[PDB]
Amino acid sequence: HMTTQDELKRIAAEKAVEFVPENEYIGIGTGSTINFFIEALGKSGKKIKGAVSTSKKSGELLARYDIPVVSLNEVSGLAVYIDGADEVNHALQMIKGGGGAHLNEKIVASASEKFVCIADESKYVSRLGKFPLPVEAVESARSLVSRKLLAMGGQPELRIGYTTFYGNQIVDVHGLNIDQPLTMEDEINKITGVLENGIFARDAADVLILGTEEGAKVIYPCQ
């Protein structure tokens, strides 16, 4: 039978354990692929000095698997950040935030010395953009941010009924042409009322572990 998507996620998560140094502070992403990774890291027996969480769920699983959790404010930096992606291109630039956590994810990534992305094969794309782009905005700026995103060219859609970790809203933007991921990352963030967007170009991954039918493939940015 074909390997299921969950099995592909587990393949990538299990391989990523090998990338985690012992006795260091590390950062932990969010999502279903990460949830398999937290379990695998706990089962490995590796000594972890402390882990910084990016979501309520990730923090709960770290505790379930006996991995010590620390606030980002307690450390001067992290040795490695491990996280998933909704899309990842050949330069290892990513679209993130399908699960609502892109603000905390980018904060923790930006404090880390290395970013390991874990994903099943379906996330690896030639061009970023098909997956709608999450944008976090404060509630009173919803209509304003939406007009500004529409003027940029995308179709803004409020994520109905959703409240982010820090109490804000997400507008998901459909149909963007992303010529230059770093330029668009910065231009969207210049909209007043936007707190963060899901383009990870400045914080592109350093290495990608991709779960495929042939096992876990290790992929560095294209030359």
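From 1 onward, residues are counted along the sequence shown.
- Averaged over CA atoms, B-factors in the entry run higher in 40 to 48 than in the other of 184 to 192 and 40 to 48.
- Taking only CA atoms, the mean B-factor in the PDB entry is higher for 209 to 217 than for the other of 10 to 18 and 209 to 217.
- Which of 146, 93, 126, 110 has the largest Cα B-factor in the deposited entry comes down to 126.
- When the C-alpha B factors of 197, 177, 30, 164 are read from the deposited coordinates, the top value falls at 177.
- Sort the modelled residues of the chain by CA B factor and residue 89 lands in the middle third.
- Per-chain ranking of the deposited C-alpha B factor places residue 134 in the lowest third.
- Among all modelled residues in its chain, residue 83 ranks in the lowest third by Cα B-factor.
- The deposited CA B-factor of residue 140 belongs to the lowest third of values across its chain.
- Ranked by C-alpha B-factor against the other modelled residues of its chain, residue 120 falls in the middle third.
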